[PDB]
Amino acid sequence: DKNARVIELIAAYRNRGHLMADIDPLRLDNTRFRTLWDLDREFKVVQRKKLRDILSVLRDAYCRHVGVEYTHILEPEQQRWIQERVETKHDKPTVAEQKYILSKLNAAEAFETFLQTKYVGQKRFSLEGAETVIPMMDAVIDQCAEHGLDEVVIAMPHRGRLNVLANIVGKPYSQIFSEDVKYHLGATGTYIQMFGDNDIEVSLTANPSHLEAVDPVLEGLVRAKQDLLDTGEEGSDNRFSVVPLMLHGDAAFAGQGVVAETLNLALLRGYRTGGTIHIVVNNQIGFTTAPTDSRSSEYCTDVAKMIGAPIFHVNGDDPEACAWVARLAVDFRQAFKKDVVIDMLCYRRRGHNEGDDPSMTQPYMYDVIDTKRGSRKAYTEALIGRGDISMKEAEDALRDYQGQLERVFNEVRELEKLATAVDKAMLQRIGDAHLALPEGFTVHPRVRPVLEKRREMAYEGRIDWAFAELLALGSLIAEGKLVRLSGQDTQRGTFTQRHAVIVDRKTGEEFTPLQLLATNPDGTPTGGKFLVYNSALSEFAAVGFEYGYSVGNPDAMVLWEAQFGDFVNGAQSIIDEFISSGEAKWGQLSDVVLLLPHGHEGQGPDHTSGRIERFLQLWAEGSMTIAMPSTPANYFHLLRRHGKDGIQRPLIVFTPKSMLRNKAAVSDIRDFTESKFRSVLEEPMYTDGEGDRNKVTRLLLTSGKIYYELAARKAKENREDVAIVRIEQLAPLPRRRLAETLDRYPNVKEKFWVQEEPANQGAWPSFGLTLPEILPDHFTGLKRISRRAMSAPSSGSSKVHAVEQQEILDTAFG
């Protein structure tokens, strides 16, 4: 019965020992810590060891300065791996390793002392009380270099950022302190091993003040780099040689939903990066808020249990345990290609900002902090107290600090066009690819007519929207471009129109027809690739990832598709903080494409609008391209121009739903082979037909699918006095092309902007103000024909929709 009580004791330490570990350097919770003859008896564990030695191994491993959470991991081999490395008696670090960790603590503290002394308003960014994160990050990067990896990419909030730039990225003081925006900009550097012969690239990504919003952006950036190096999921090796190193705060990590959304991507085929190293700077405070008001779990890291990640809670006043846990984390990530979370328990020495006396809201915590000596002073005293360094060396370490402090002060003192048309053979090849099935492949009987109709369209014309899209993407791959397309149910298409990936009816094997265009007819690679995935049910993390992918590989054609444009508001922080504004704020460029299914069809307020008015409001000084094409060929030329123009700026496309199957919304072969993108479109009766522009007295200006309904109504009552002009590119406004087009209708007495969207929505709120100002001689007196202003994108009734739709058409021809 005694040997059974030992087995239960071993399991208790492994499962719950972390609840008794001395992880808090402030020891705020006192309640945390609240036979002898058997201790010298040998037990079978098959090895023979004395109970006192088994128990000492269990206390050192699980109840010392490291709290290990791993028995929640479903993989027995991963539990076994941790168990073996944590439960073995490790050899104490060498005097050289201790002196090295100490120099890193000196550099970090001197940097902090310099920041608060030289400049004013720097208290918010203070890393004082959390300096151990610097030798911890150093150990992460050094262990990644020891595995021979290519790059470590960092994402972090603002606390200690300039310290990371100087002591991790290795940026010189002259570059750091030159003129805050500096706390949001990206950076690149080279890490050179101190005791090794390896080097590794280290980069820091740009981010807003919005905590954790950069998390899926880092993942996308890293995946794009991993794809370029041919490493990982889409590569020839399983090394995933680009490592994401993600920094967090404790209140942010537990409260922001994007954390869970980004963790949810960790093992997905379209989003995995081979595991992220997470470091939580757990100072047990969020501004003035205590952890008991910030989370409903024991640890701020408990969300990471969602993906069975091992969690290490470590005492920030023990830099050796912190460096050891950082190296173990890199080894686990390398061995299992899964996320590791390091929870660094520390404190925030100063107030949150200049106007904060933290004892006002946390008197107890700050009476304990005011008793604490720095983790530098503590570690140097601890090295003297254990006899690991001499009195001369301890003075030298103290003199290393002074020289590090003097150096910053003295260095900062010293400082003080292309064609998008393809040939008919290119169209024919993309059409033929849909029927070039692998041997023994069984196409689903309802998919086979789609493949046959695409080979017919490629040779005979009447090209629909869905095929035009694949013609654009396919021709880019054939030219050597990497095309990454993703979104909810994007492989088949929400409207069963895409079939980018087709599934074997008998085996379930996937076949990608456009991937055949990555190989030239002679069998040589084009250098191009088609990467198409079904995303998780996320908007915030998925849009963030695709923006990040566009930044990681500026040469890639990156498209994200919303199920319906109505759901993109779930990614509003990414749209506001990165996509629309990254270039102006940080000089960070993104070529990301957002495909937003849009249009009034009676399917309700959440299946009608991509909120065109919101994107037009965000636009300024050529920041993005915003388009609503009405024709398959014009969409094809829009995608090819974006993929070939070399302008790294986002593209927002309001794509159709029912217009995908509108038989009037088809294009001729010549529209792809002898044309280009047209920002302004006239009716074909005036450009190709026998229509007379001089009979026109009423001009209707519009965009999107409503054109076909207006055109049908004009044809039904032969209204030669009315002309319909489409604005395909909403932003930047094609001022030049718009003026030249309207000049061709000299007898126009009235002009109307016609739209399906309510008066406070669509293009009218911006066009109604801009068009009379930009073109006063053409648009003074411009009137609106639309739905009435609504507090929702549309009515919930399809009957109300139909009445309103007819009301617009009747007003336009009244």
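Sequential numbering from 1, following the sequence displayed. Under this definition, the rigid core comprises the largest set of C-alpha atoms superposing within 1.5 Å between the forms.
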query: Greatest C-alpha divergence in 6 other deposited structures of this protein once each structure is fitted on the rigid core, 635-643 or 119-127; finding: 119-127
query: Rigid core superposition result in 6 other deposited structures of this protein, more deviant of 95-103, 584-592 by Cα; finding: 95-103
query: No coordinates for residue 454 in a third or more of the other PDB entries; finding: no
query: No coordinates for residue 33 in a third or more of the other PDB entries; finding: yes
query: Missing from the model but present in the deposited sequence, between residue 45 and residue 46; finding: 4 to 9
query: Residues of the deposited sequence that sit between residue 622 and residue 621 yet are not modelled; finding: none
query: Mean C-alpha temperature factor, higher of 295-303 and 509-517; finding: 509-517
query: Between 158-166 and 275-283 (mean CA B-factor, as deposited), the higher; finding: 158-166
query: Peak C-alpha temperature factor (PDB record), options 21, 9, 792, 802; finding: 9
query: Residue with highest C-alpha B-factor in the PDB entry, from 570, 355, 544, 308; finding: 355
query: Chain third (lowest, middle, highest) by recorded CA B-factor, residue given as residue 773; finding: highest
query: B-factor third for the C-alpha atom of residue 704 within its chain; finding: middle
query: Assigned third (lowest, middle, highest) for the C-alpha B factor of residue 764; finding: lowest
query: Third of the chain, ranked by Cα B-factor, where residue 630 sits; finding: middle
query: Third of the chain, ranked by Cα B-factor, where residue 755 sits; finding: lowest
